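Enquirer: I have a structure I would like to understand better, so I am pasting it below and will then ask my questions one at a time.
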Amino acid sequence: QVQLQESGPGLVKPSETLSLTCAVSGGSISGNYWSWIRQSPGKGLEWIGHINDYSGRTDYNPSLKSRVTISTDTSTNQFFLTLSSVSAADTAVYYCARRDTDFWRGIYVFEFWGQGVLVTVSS
Amino acid sequence: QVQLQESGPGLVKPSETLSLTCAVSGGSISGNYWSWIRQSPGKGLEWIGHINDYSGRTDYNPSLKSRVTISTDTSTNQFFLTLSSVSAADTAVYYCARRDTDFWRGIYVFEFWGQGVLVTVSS
Amino acid sequence: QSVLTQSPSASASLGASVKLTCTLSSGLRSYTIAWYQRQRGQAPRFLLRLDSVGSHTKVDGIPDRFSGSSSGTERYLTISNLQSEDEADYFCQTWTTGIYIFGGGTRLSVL
Amino acid sequence: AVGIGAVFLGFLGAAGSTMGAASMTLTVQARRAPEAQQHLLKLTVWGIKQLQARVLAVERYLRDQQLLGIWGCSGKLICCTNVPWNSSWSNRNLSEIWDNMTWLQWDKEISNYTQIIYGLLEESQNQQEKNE
Amino acid sequence: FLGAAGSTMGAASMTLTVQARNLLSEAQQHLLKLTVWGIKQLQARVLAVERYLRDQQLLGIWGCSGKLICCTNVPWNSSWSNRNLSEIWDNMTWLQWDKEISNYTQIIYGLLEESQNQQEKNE
Amino acid sequence: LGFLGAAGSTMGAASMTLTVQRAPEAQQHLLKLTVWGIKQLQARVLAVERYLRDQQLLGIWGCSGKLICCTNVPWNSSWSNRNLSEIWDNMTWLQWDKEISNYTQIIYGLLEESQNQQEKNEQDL
Amino acid sequence: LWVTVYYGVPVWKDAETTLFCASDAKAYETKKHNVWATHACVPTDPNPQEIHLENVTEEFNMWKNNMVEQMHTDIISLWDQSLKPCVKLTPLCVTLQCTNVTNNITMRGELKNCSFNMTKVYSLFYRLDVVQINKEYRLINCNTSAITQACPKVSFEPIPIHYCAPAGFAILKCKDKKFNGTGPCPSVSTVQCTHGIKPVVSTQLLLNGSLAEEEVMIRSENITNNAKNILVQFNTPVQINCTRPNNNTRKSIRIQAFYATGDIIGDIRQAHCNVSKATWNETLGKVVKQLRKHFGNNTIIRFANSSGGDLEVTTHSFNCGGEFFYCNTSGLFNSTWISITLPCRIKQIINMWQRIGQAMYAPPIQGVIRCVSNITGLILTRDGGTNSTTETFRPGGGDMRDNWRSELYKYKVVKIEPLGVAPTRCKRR
Amino acid sequence: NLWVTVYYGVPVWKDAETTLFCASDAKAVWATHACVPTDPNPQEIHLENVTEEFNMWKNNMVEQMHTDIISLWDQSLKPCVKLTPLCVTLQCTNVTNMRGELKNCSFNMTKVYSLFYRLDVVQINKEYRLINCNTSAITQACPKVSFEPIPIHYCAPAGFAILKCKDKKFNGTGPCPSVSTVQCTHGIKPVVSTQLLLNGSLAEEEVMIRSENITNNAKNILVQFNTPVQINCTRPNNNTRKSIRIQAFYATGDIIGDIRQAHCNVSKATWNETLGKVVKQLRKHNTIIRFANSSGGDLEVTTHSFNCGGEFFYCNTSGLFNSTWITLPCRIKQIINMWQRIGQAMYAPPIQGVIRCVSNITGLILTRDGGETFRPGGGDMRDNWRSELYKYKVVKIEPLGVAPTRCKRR
Ligand SMILES: *[C@@H]1O[C@H](CO)[C@@H](O[C@@H]2O[C@H](CO)[C@@H](O[C@@H]3O[C@H](CO[C@H]4O[C@H](CO)[C@@H](O)[C@H](O)[C@@H]4O)[C@@H](O)[C@H](O[C@H]4O[C@H](CO)[C@@H](O)[C@H](O)[C@@H]4O)[C@@H]3O)[C@H](O)[C@H]2NC(C)=O)[C@H](O)[C@H]1NC(C)=O
Ligand SMILES: *[C@@H]1O[C@H](CO)[C@@H](O[C@@H]2O[C@H](CO)[C@@H](O[C@@H]3O[C@H](CO)[C@@H](O)[C@H](O[C@H]4O[C@H](CO)[C@@H](O)[C@H](O)[C@@H]4O)[C@@H]3O)[C@H](O)[C@H]2NC(C)=O)[C@H](O)[C@H]1NC(C)=O
Ligand SMILES: *[C@@H]1O[C@H](CO)[C@@H](O[C@@H]2O[C@H](CO)[C@@H](O[C@@H]3O[C@H](CO)[C@@H](O)[C@H](O[C@H]4O[C@H](CO)[C@@H](O)[C@H](O)[C@@H]4O)[C@@H]3O)[C@H](O)[C@H]2NC(C)=O)[C@H](O)[C@H]1NC(C)=O
Ligand SMILES: *[C@@H]1O[C@H](CO)[C@@H](O[C@@H]2O[C@H](CO)[C@@H](O[C@@H]3O[C@H](CO[C@H]4O[C@H](CO)[C@@H](O)[C@H](O)[C@@H]4O)[C@@H](O)[C@H](O)[C@@H]3O)[C@H](O)[C@H]2NC(C)=O)[C@H](O)[C@H]1NC(C)=O
Ligand SMILES: *[C@@H]1O[C@H](CO)[C@@H](O[C@@H]2O[C@H](CO)[C@@H](O[C@@H]3O[C@H](CO)[C@@H](O)[C@H](O)[C@@H]3O)[C@H](O)[C@H]2NC(C)=O)[C@H](O)[C@H]1NC(C)=O
Ligand SMILES: *[C@@H]1O[C@H](CO)[C@@H](O[C@@H]2O[C@H](CO)[C@@H](O[C@@H]3O[C@H](CO)[C@@H](O)[C@H](O)[C@@H]3O)[C@H](O)[C@H]2NC(C)=O)[C@H](O)[C@H]1NC(C)=O
Ligand SMILES: *[C@@H]1O[C@H](CO)[C@@H](O[C@@H]2O[C@H](CO)[C@@H](O)[C@H](O)[C@H]2NC(C)=O)[C@H](O)[C@H]1NC(C)=O
Ligand SMILES: *[C@@H]1O[C@H](CO)[C@@H](O[C@@H]2O[C@H](CO)[C@@H](O)[C@H](O)[C@H]2NC(C)=O)[C@H](O)[C@H]1NC(C)=O
Ligand SMILES: *[C@@H]1O[C@H](CO)[C@@H](O[C@@H]2O[C@H](CO)[C@@H](O)[C@H](O)[C@H]2NC(C)=O)[C@H](O)[C@H]1NC(C)=O
Ligand SMILES: *[C@@H]1O[C@H](CO)[C@@H](O)[C@H](O)[C@H]1NC(C)=O
Ligand SMILES: *[C@@H]1O[C@H](CO)[C@@H](O)[C@H](O)[C@H]1NC(C)=O
Ligand SMILES: *[C@@H]1O[C@H](CO)[C@@H](O)[C@H](O)[C@H]1NC(C)=O
Ligand SMILES: *[C@@H]1O[C@H](CO)[C@@H](O)[C@H](O)[C@H]1NC(C)=O
Ligand SMILES: *[C@@H]1O[C@H](CO)[C@@H](O)[C@H](O)[C@H]1NC(C)=O
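As given, the protein sequences belong to chains A, B, C, D, E, F, G and H, one line each in that order. Oh and the first sequence: position 15 is 15 in my numbering, straight run, nothing missing. Take any residue in the second sequence, note its place counting from 1, add 1000, and you have its number in my numbering. Take any residue in the third sequence, note its place counting from 1, add 2000, and you have its number in my numbering. Take any residue in the fourth sequence, note its place counting from 1, add 3000, and you have its number in my numbering. Take any residue in the fifth sequence, note its place counting from 1, add 4000, and you have its number in my numbering. Take any residue in the sixth sequence, note its place counting from 1, add 5000, and you have its number in my numbering. Take any residue in the seventh sequence, note its place counting from 1, add 6000, and you have its number in my numbering. Take any residue in the eighth sequence, note its place counting from 1, add 7000, and you have its number in my numbering.
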């Protein structure tokens, strides 16, 4: 059983870095895939990125590869999202989730999800 | 004071491997040439092969190059002949001898010989 | 080619002189040889090296009665003061290339 | 292949053996490449790597020896101390621990209290040397 | 690492273990840079280990053999800054003590070696 | 290596002596320098490993560190009995080792047994 | 009594530490130059320090192992490092005018001869590789992908790789032939360097795999749970002979020397693999026997072909001679049990390791490409489930770590801590 | 009532075998790729008052060097081309445009003629064949690699030291008063020769003579000179390389210019003086000291077989040894089997133009006679390599020591 707690500023001005921090408890010692997903209001969900907290190699959505950066620290056992150059359309509910390693016939699913932190951009 | 002793099967069937073991006492630690020779009944002797105890550079008679294999065991300080595809024409008295290390006027001699061991092939 | 020849058998009475002839081929006109004796049922013994000029290399522990000489492509092994132990098989061997050439074996008996 | 790692594998040489048998085994155990093509420089790199592996082995061994020397043990393989063993640590008698269980099970039962054991050992050695 | 380097004599003497443990811590041209870097790093660690071992050997010459708080039999001559033992042990930091003793270290080492050897030989 | 200078001297002198005891990348012929550096660090690491094994032997003989260690097994008669003065005054260490080389295994075995017995009967009381 | 320390004591602690690679001496020394699978790794010792232990039982768990993740990460980094020096194909992303070739029909050819105006130059591509745009065609991922082509000199082939624990660690190895890979292992040996591991990419099948002694083995973290995969290790390797019956030529078009496929010599036919029917039937019999043993005799075992999803998992993806075949197994697993020529195609744009990052472009291979391989391991995904009716085992896989876990199923990395203490009747004077 | 005491730190060493790796100077001739470069600071620590008895006839460094030389030869020869298809009947005829010697032979391969030497081919009973084509798988040397001897130092690995003897009065065996410790060795030259040592090291003081046991007239006698006897030796023939494709086989075409046997001279006065010093030396250890020529044996021991610029000369050396107390007609053959092996044989592809090599003569190999006549001999390559390795001995340092002193511990 893995528990997720996401945190970060609830109000962010336009056109600066947006920082989110998600702390995980009960995860596996290595080989985890910590993924960041978001859902914009009045729109469907969309994947942001994922980190292999053992290898350290990242991966991001192709349309957001220039604005995001995901890091992870094992000692405190957390992982951070930094979405720089935020725009007006990036207001959304952000979730930090963990995707499995079963790969049941060409799928990776995120079994464990965070509560869902609001991020609103306004002046 | 170098003494050579030989042992092995006395009777061997056609079409298998004949293995003969020769042990040495008093020989030098390294640099020696251990030679295997044989004499068929009613015929003159002929050289089978030899091994350099230090390097391991084997050498065999050209008429028996594709059938024999000579190896050494430095830990117990012995050396083995393995003659494959033995026939009824290979019955002979087998000797294990030590090669000279002087080369006096273009000769390598066999200063020390073994007592000779009989090997026969019969139906 | 390259081959050694010698008498198949020779004999003499005890206390006499025995001559052993080792014959080299045409291409072996001057090669050195080595003499080997083998008493029946024992380890063959090194006797001596001997070249075409008459030089011979005595071996420690070999009786001084053994002697040798050379004449062209003929090598002579002379034995004097015989006993029953000298009855054996003798042969001359040589090294031309990294292949050895042994004699056909000569049985010497003493009566 | 050579160095101190072989010594560590020799320490591993008998894991399931008896405690006394393990201690006796510990006491007993205390004692031209062909270079075909572009192999010289790769051999230099491999030499750097092998030297660093051997140095890692040596440093781990030296750290263990220094930890042993912090207490009253210097460098002896087997060592005797002067801090009492309270009954809280495995109150049951010593015949079963010293005859039946292998070192693995003893380590599993002690790993919870190994830190306080080390602290008591170091404090006892410090006190013994200060008083003397 | 240095820890209580500047603290009073007593605290440093009680916290010796910290310093004791801290003291023992392709493409052609790219390959040459790599091997020079490896040479530098390996030389650094090997020299550190050898200096630690030399210090351990010096301790072994005396009656220490790896023990931190050693104890010898050499009498303390008054010529080496004779003062009150408590005053020396609660006022001056290690640095000033060694600075004002660095003129007599060699004679102390020689006396220690001679006393240990005499104790070994007499008994 | 390094301590070969004292060789050929008297055991008294040898014992006394042993008691007392940024490169850039513009250097020409770089490959020779780096290879011989590899060799020198090989030598130094083998030196420290040999020292560690020798110290382990000294520890199992009840000496731990130290250089002039003393023990309790008596000198047997068969081990080339000679007058101590000429043993320790004229000949050299190499010759002495060549003389006692046949017996060093027995020496080590007796030394280990003596130290083990000393530990046993010291922990006895 | 008192407490005594014992330096030099056999102790174990399950801890994870980075391991260094070890290439076999003959792997690199003999002939291999400029191949990814071998690099500056330290050559292994001539003979491993394999010491057999007695009366020891250690707990193994491959599904919580760490060597598999470590080796997967090493393979990822090695593959990226191999691909880095090669020149990118970014300028190639442009509209292409394509017409499909009708020189020969096998099962249509599906190839497309496409012209691109690189200031009209022709090239040959495959249908899966290029997608129509609305005739005009475009590379499948050139818009939002940093597409790249492999270096012409380098070649893709498995090469043995050993893993040696650093000083202070050990590799516990379960020598038990009958070992499903979980819980206690009766016979535990210890090594410094592991046996030969060949990094091979494959789905639904294990090629160059390590045959398992005794009988066929079935492994899973949870047979009952549907989600967890199932590894099947045969005892008798199955021959497979697969060949692409075509020959191509490489045209050097400068963008940076891009290599494009040329016209095919003579006939054009889709690739085919061959497997003997009787050996396949016998191996399937052993597999279903073992699965019934894990499921009861009365259980009914059924098979089916892939259930879909992407294309690298439905089919059997594998590289041969430098060409990446995606060869279907639609017909191999079509048989209902109670108590073969594989036609297949190629895709020159591949997404290795299932990431949306850089995709590598397969260089053309001149001449007929044929290869023999050792089908030794199967990856099965249990059917859903309604109970006590039957079971279906359509092949799955795709997760490369699952492929690695078959070779590293019998190793664990352990930290030795020879500083144990003990109580005894001994007091220091 | 004495007691053992351990004395860790004592400078005790013992002789012990090992595996010296290599050391070279040339760029990675010999294969040389397994040879590390050599630009160290050779630490020549001269020990004091150290008498360490040496030996030369029982070194295990010599066999190690011989094995290294054989391995380098085989490795260099390996990537070359086999001459198996050459095993065909040769239609040979004499050439006139040391009278007969060379023979022109046509062969049919699918029909071209080339030049061969009389001692290189043997007739069959007009029609000739190679000397040993089927018994030994002949392989021809690659043209790019020569046979010039590159200096090859031997260094001891970590933990071992090499002991030099700087004493001039030294016959190899017996105690050596002056000794020094080193890690590398001097520039030993792997020259192949018989009866003459060719470019080896020069001994100081007077000429030196040495053997295992002189009295025993079987042990080879090595003599090291003081003043080298200059020998310049040529092959006065405009040889023409000819390439024939079967895989590129090389042979000799028609000779440009006149055909003359390869011959060379020796400074008569210097040779006489050096031989006089030698014969003065042999009087030790007043009878007749003859000097005959090589008594029988194969071509590798009868003549002064030696390489020169890729061409192998087997030279008549009777003239050099006839003074009882100078031009030498050097025969030429191109087939060759080295180190007295079988199944391996080289072809020595011809070199165009005229070759002339100027070299010293530094050592002599002589054998006693029964009964003197010190006729030359040799061929045991170890005897040749014992003329430079006679002042080296791999030694392992053993610091630990035990001594009987008066102590009681506790
Ligand atoms: C694994 O095994 C399953 C069988 O269990 C295979 O599934 C069949 O796949 C074939 C193609 O190989 C399918 O044939 C296709 O049918 C589509 C639907 O039309 C018919 O079939 C359905 C039932 O599926 C009926 O209800 C309907 O009345 C029709 O009879 C067609 O649209 C397809 O046409 C398209 O593809 C073909 C071939 O490329 C083109 O020529 C056409 O122009 C068009 O593009 C095709 O005819 C069959 O229906 C499938 N059956 C099932 C049960 O799924 C899998 O293919 C096999 N492999 C994998 C990877 O799953
Ligand atoms: C070493 O020195 C010795 C003596 O100092 C020397 O011996 C001489 O050798 C020559 C050459 O063989 C002998 O000359 C022979 O004379 C007889 C007389 O009939 C000839 O028949 C011989 O001819 C045969 O050999 C020729 C080759 O040399 C063939 O071409 C010919 O067809 C025959 O087969 C031959 O000419 C001479 O008699 C001896 N002298 C003595 C005193 O023995 C020897 O040559 C020197 N060199 C060596 C050994 O390499
Ligand atoms: C003993 O020492 C002497 C000198 O101390 C030494 O003599 C050297 O011999 C070599 C071999 O002939 C000479 O090198 C050759 O010299 C000629 C004429 O100068 C050149 O034409 C040659 O050029 C060749 O170089 C290419 C690459 O190496 C070859 O592939 C090609 O075939 C060319 O022909 C070549 O340099 C050298 O000049 C002399 N040295 C002196 C000072 O005279 C002798 O070889 C040593 N060993 C023996 C056994 O004598
Ligand atoms: C399981 O092991 C098999 C061992 O044979 C593997 O087969 C080999 O696969 C490798 C690539 O991983 C091939 O290497 C390339 O092959 C192509 C074509 O092969 C033909 O040419 C080579 C070279 O002359 C020759 O050796 C083959 O026999 C074929 O004639 C070559 O063009 C490349 O140069 C390169 O060699 C092997 O050739 C191929 N051997 C065969 C025929 O099986 C098999 O791939 C392994 N399983 C997997 C998929 O990992
Ligand atoms: C090379 O020179 C050395 C000396 O520099 C020679 O060593 C000498 O060898 C002889 C034996 O052949 C030694 O004689 C010995 O005498 C003692 C007492 O008489 C006796 O007990 C021994 O059995 C032995 O016969 C002699 O002492 C020794 N020289 C020295 C200075 O110790 C060596 O013989 C020379 N080698 C050659 C080939 O000339
Ligand atoms: C040094 O070289 C000489 C030259 O041959 C060797 O001398 C010979 O050694 C043999 C021993 O193998 C002697 O044979 C025996 O001699 C004893 C008397 O000492 C005698 O009782 C025996 O019956 C037997 O004949 C031989 O006499 C002696 N001298 C000669 C042949 O002239 C010596 O062995 C060589 N030294 C070494 C260490 O190799
Ligand atoms: C493999 O078989 C072993 C048999 O011991 C399994 O180990 C235990 O199996 C029992 C059922 O027989 C379970 O109740 C235990 O929980 C298992 N313990 C362990 C070690 O997990 C092991 O689980 C099996 N592994 C698989 C499923 O491959
Ligand atoms: C080596 O040289 C000697 C002397 O130069 C050769 O002996 C001569 O041979 C010729 C040819 O028959 C005779 O005419 C001479 O009379 C011989 N010389 C003497 C002094 O008698 C010897 O033949 C040469 N070696 C070879 C193998 O030919
Ligand atoms: C012959 O040997 C000498 C060694 O004595 C070689 O070296 C020369 O020795 C003389 C004598 O002291 C020196 O003056 C020269 O400087 C040395 N070098 C040279 C290149 O002459 C000499 O080289 C050898 N002969 C040949 C042809 O190499
Ligand atoms: C490329 O992909 C992006 C989304 O990442 C999309 O917005 C854009 O329209 C695409 N362009 C092309 C050439 O398909
Ligand atoms: C592909 O080939 C078929 C013939 O098999 C043809 O009918 C079709 O028009 C071709 N496609 C295009 C885009 O030309
Ligand atoms: C693969 O299968 C063949 C079948 O003959 C077998 O010989 C071989 O050993 C197997 N494995 C290898 C090493 O290719
Ligand atoms: C080589 O050929 C010759 C003649 O052609 C023959 O006499 C000889 O026996 C052959 N060698 C072998 C080893 O058969
Ligand atoms: C020695 O031999 C040579 C060559 O065979 C000859 O010229 C000379 O006359 C002979 N006699 C001597 C040098 O006294």
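By construction, the Cβ of each residue, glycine as well, lies at the ideal position given by its N, Cα and C atoms.
Count the C-beta pairs between the segment 3053-3065 of chain D and the segment 4043-4060 of chain E that are closer than 8 Å, then say yes if the count reaches three, no if not.
Expert: The segment 3053-3065 of chain D vs the segment 4043-4060 of chain E: in contact.
Enquirer: When the Cβ atoms of the segment 6033-6053 of chain G are set against those of the segment 6364-6379 of chain G, are three or more pairs found closer than 8 Å?
Expert: As far as the Cβ criterion goes, the segment 6033-6053 of chain G does not touch the segment 6364-6379 of chain G, which means the pair count is below three.
Enquirer: Report back the beta-carbon spacing between H:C7133 and H:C7080 to the nearest angstrom; my notes put them in contact at under 8 Å.
Expert: On the eighth sequence, position 133 is the one that residue 7133 of chain H refers to. On the eighth sequence, position 80 is the one that residue 7080 of chain H refers to. 17 Å between Cβ atoms; not a contact.
Enquirer: Going by beta carbon distance, what residues of the same chain come within less than 6 Å of G:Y6163, once the five residues before and after it are set aside?
Expert: As a first step, residue 6163 of chain G must be located in the seventh sequence, where it is residue number 163. Closer than 6 Å at the Cβ level, and outside the excluded window around G:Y6163, lie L6019, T6194.
Enquirer: Counting only runs that start and end within the segment 2037-2105 of chain C, where is the beta strand (DSSP E) found for 3 or more residues in a row?
Expert: List check, beta strand (DSSP E) in window: 2045-2050, 2056-2058, 2067-2071, 2074-2079, 2088-2095, 2100-2102.
Enquirer: Using the beta carbon as the reference atom, which residues fall closer than 6 Å to any heavy atom of ligand 13, ordered along the chain?
Expert: Those residues, listed in chain order, are B:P1062, H:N7134, H:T7135.
Enquirer: What separation, rounded to the nearest whole angstrom, lies between the Cα atoms of E:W4089 and D:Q3128?
Expert: In the fifth sequence, counting from the first residue as 1, residue 4089 of chain E sits at position 89. In the fourth sequence, counting from the first residue as 1, residue 3128 of chain D sits at position 128. So the two alpha carbons sit approximately 20 Å from each other.
Enquirer: Restricting to runs no shorter than 4 residues, where is the alpha helix (DSSP H) found entirely within the segment 7235-7308 of chain H?
Expert: Segments of the alpha helix (DSSP H) lying fully in the segment 7235-7308 of chain H: 7268-7282, 7299-7302.
Enquirer: Taking 7 Å as the cut-off, is the CB of G:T6314 close to at least one heavy atom of ligand 1?
Expert: Position 314 of the seventh sequence, counted from the first residue, corresponds to residue 6314 of chain G. G:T6314: yes, Cβ under 7 Å from ligand 1.
Enquirer: Shorter than 8 Å from the beta carbon of D:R3032 to some beta carbon of chain F?
Expert: Within the fourth sequence, the letter at position 32 stands for residue 3032 of chain D. No, no contact with chain F.
Enquirer: Spatial neighbours of H:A7251 within its chain, please: CB distance less than 6 Å, with the 5 preceding and 5 following residues excluded, ordered by chain position.
Expert: Numbered from its first residue, the eighth sequence carries residue 7251 of chain H at position 251. For H:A7251, where only same-chain residues beyond five positions count, the Cβ hits under 6 Å are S7114, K7242.
Enquirer: Check the C-beta distance from H:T7018 over to F:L5004 and give it rounded, since I have them as a contact under 8 Å.
Expert: In the eighth sequence, residue 7018 of chain H corresponds to position 18, counting from 1. In the sixth sequence, residue 5004 of chain F corresponds to position 4, counting from 1. With 8 Å as the limit, H:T7018 and F:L5004 do not qualify as a contact, their Cβ atoms being about 17 Å apart.
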